[PDB]
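Residue-level listing of the chains:
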Amino acid sequence: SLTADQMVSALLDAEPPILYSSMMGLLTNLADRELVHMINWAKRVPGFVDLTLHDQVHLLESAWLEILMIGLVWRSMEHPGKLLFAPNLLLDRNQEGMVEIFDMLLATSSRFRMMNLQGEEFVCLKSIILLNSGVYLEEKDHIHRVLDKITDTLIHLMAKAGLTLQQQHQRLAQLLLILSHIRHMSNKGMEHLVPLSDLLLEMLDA
Amino acid sequence: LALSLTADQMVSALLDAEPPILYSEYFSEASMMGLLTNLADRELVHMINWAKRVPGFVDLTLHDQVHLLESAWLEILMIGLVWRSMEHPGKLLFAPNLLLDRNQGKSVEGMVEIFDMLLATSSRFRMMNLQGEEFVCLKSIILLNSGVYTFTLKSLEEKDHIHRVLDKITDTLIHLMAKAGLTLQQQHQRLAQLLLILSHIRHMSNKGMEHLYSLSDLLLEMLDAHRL
Ligand SMILES: CCCN1CC[C@@H](COc2ccc([C@@H]3c4ccc(O)cc4CC4(CC4)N3C(=O)c3ccccc3)cc2)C1
Ligand SMILES: CCCN1CC[C@@H](COc2ccc([C@@H]3c4ccc(O)cc4CC4(CC4)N3C(=O)c3ccccc3)cc2)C1
């Protein structure tokens, strides 16, 4: 029922912290710690907790890598040619099979700068990834009504910046089309790298 | 020219550029994959002729036309297949004479997973009553979008052109929806629903590439036509 402004506010307040840091051992350990904070960020995505724990775990399981990636890209925009994994972990391109995904993450940062992605826009993109990455009946309806509620919020945000309706649906399309690339990097990321379901449930206890 | 097209003129060109539906040869579990590979192989030739007719596409360099098609060709086959199958619940219409069900897919190692994912996309389009004009817009977006992030001054010019053309197709999708009577919220919501499905088609494409591995040269040579 929330308004677009209240939607934004709740998402902005739910942002997880930036965490701090043998390269792959460091990156795995950092990703494990971020995942915990992702779970509690997910709880605060409005509409998410209305789902069953089984649906909650299905979405998180299908989207966690995409979420770590778009968050990496978001904090790496002001660091051209480099990924800011952690504030004490800034790697560039020279830092088997890694450089292709690293090249893809950089081009994602480059695209975010080209579009001048806004923070408000970013937290809507993350929520869309959470609810959409796994949607493929009452549950789906709800997921799609909330995805619809987030669409309404992205348009409001753009209208508030003074964009014409033409520029609004154009920018919305451009933002949602980046999600395919992020899905693509996640797929390629999964290849390059007890069930995660059971760990995801356990994290949902705190 | 492509950027001066109206929405209707964009729909019209996309519809006219549509490739024909092909058939399989005039069956068993053992020959299934040879038939599907023959089909894809012939469809690809026609896919090239279709892409050359998507407004703005031939304004690109050859090398960039190849890149876009290497990146999108499987997604385009799949979205074509899903569209053909929309009106056959539980079934994929690879060709009018090659309609397969989940069980026939179970026959191959790893196939049913892709097959269940393709079948759900088809039911999702069905639930949305996807129109033909929106379909040809979605397939064009896949063509121009799928590789635009895996590419010089010249390359910057190229990507800017692609995103301008992708904007015109977005104006065209919205024009269709307003033409279909939709309110301005529903227009934005349906546009988003359609473009999020493309994420799932990408997902299917990559899982599909792993199954097919479990072409650059060819594309240039269908694209790099002489003028004789
Ligand atoms: C048993 C518990 C299971 N966990 C869950 C899966 C299992 C390892 O998952 C992991 C392991 C490492 C990562 C990092 C990481 C960390 C933090 C970040 O913000 C972002 C990223 C980005 C990422 C995803 C591409 N990555 C890389 O290194 C990288 C590789 C190639 C090119 C560029 C970057 C992410 C997830 C351990
Ligand atoms: C030099 C070129 C080399 N060729 C070009 C690539 C190389 C074969 O690639 C191929 C081979 C087969 C296909 C079919 C096919 C055919 C027609 C169609 O319209 C759509 C599809 C969809 C598709 C992609 C999922 N598929 C399957 O069977 C299938 C698998 C798992 C579950 C369900 C279906 C598509 C591409 C040989």
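Criteria and thresholds
- Residues numbered from 1 in each chain as written, not as in the entry; some residues may be left out.
- Chains lettered and ligands numbered in written order.
- Heavy atoms only, no water.
- Residues with missing side-chain atoms left out of burial classes, pairs and counts.
- Helix = DSSP H or I, 4+ residues; strand = E, 2+ residues; numbered from the N terminus.
- Rg over C-alpha atoms; globule rule 2.2 N^0.38 Å.
- 1 Å grid on protein atoms, 1.4 Å probe; cavity = no way out; pocket = protein on both sides within 12 Å on 5 of 7 lines; lining within 4 Å.
- Points joined across faces, edges and corners; volume = space filled by probe spheres on them.
- Nonpolar A, V, L, I, M, F, W, Y, C, P; charged D, E, K, R; others polar.
- Axes fitted to C-alpha atoms, helices over the stretch in contact; angles between N-to-C directions.
- Left-handed = near helix turned anticlockwise from the far one by under 90°.
- Contact = heavy atoms within 4.5 Å.
- Near = heavy atom within 4 Å.
- Polar contact = N/O pair within 3.5 Å; in protein donor to acceptor, adjacent residues only side chain to side chain.
- Areas by Shrake-Rupley, 256 points an atom, 1.4 Å probe, with all protein chains shown as cover.

Listed as the method for this PDB entry is X-ray crystallography; the listed resolution is 1.98 Å.

On to the overall build of chain B, then. Of the regular secondary structure elements, chain B holds nine helices and two strands. Traced from its N-terminal end to its C-terminal end, chain B shows the element sequence α-α-α-β-β-α-α-α-α-α-α. The globule rule puts the C-alpha radius of gyration for 228 residues at 17 Å, and the 18 Å found for chain B is close to it. Over its C-alpha atoms, taken along the principal directions, chain B stretches across nearly 50 × 45 × 30 Å.

Now for empty space enclosed by the protein. The computed volume of the second largest cavity comes to approximately 40 Å³. Only α7 (165–192) of chain A together with α6 (132–145) and α8 (184–213) of chain B provide two or more residues apiece to the lining of the second largest cavity. Among the elements that make up the lining of the second largest cavity, the one with the highest residue count is α6(B) (three residues). Classifying every residue of the lining of the second largest cavity gives four nonpolar, three polar and two charged.

On to the packing of helix α3 (residues 53–74) of chain A against helix α8 (residues 196–203) of chain A, then. Residue and element names in this part refer to chain A. One way to put it is that α3 packs onto α8 with a least axis distance of 10 Å and a crossing angle of 115°. For the pair α3 and α8, the sense of crossing is right-handed. Residues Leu 53, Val 57, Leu 60, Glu 61 and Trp 64 of α3 lie in contact with α8, whose contacting residues are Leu 196, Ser 197, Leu 200 and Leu 201. Looking at the contact of α3 with α8, its residues break down into seven nonpolar, one polar and one charged.

Next up on the list: the site of ligand 2. Residues and elements named next belong to chain B. The full set close to ligand 2 counts 21 residues, and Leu 36, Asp 41, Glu 43, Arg 84 and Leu 212 are the nearest of them. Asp 41 is positioned with one of its side-chain polar atoms (N or O) 2.7 Å from a nitrogen atom of ligand 2. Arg 84 places a side-chain nitrogen or oxygen 3.0 Å from an oxygen atom of ligand 2. Protein chains shield 85% of the accessible area of ligand 2, which is 760 Å² for the free molecule. Secondary structure elements with two or more residues in the shell around ligand 2: α2 (32–51), α3 (62–85), α5 (111–128) and α8. Considering every element that reaches the shell around ligand 2, the biggest residue donor is α2, with seven residues.

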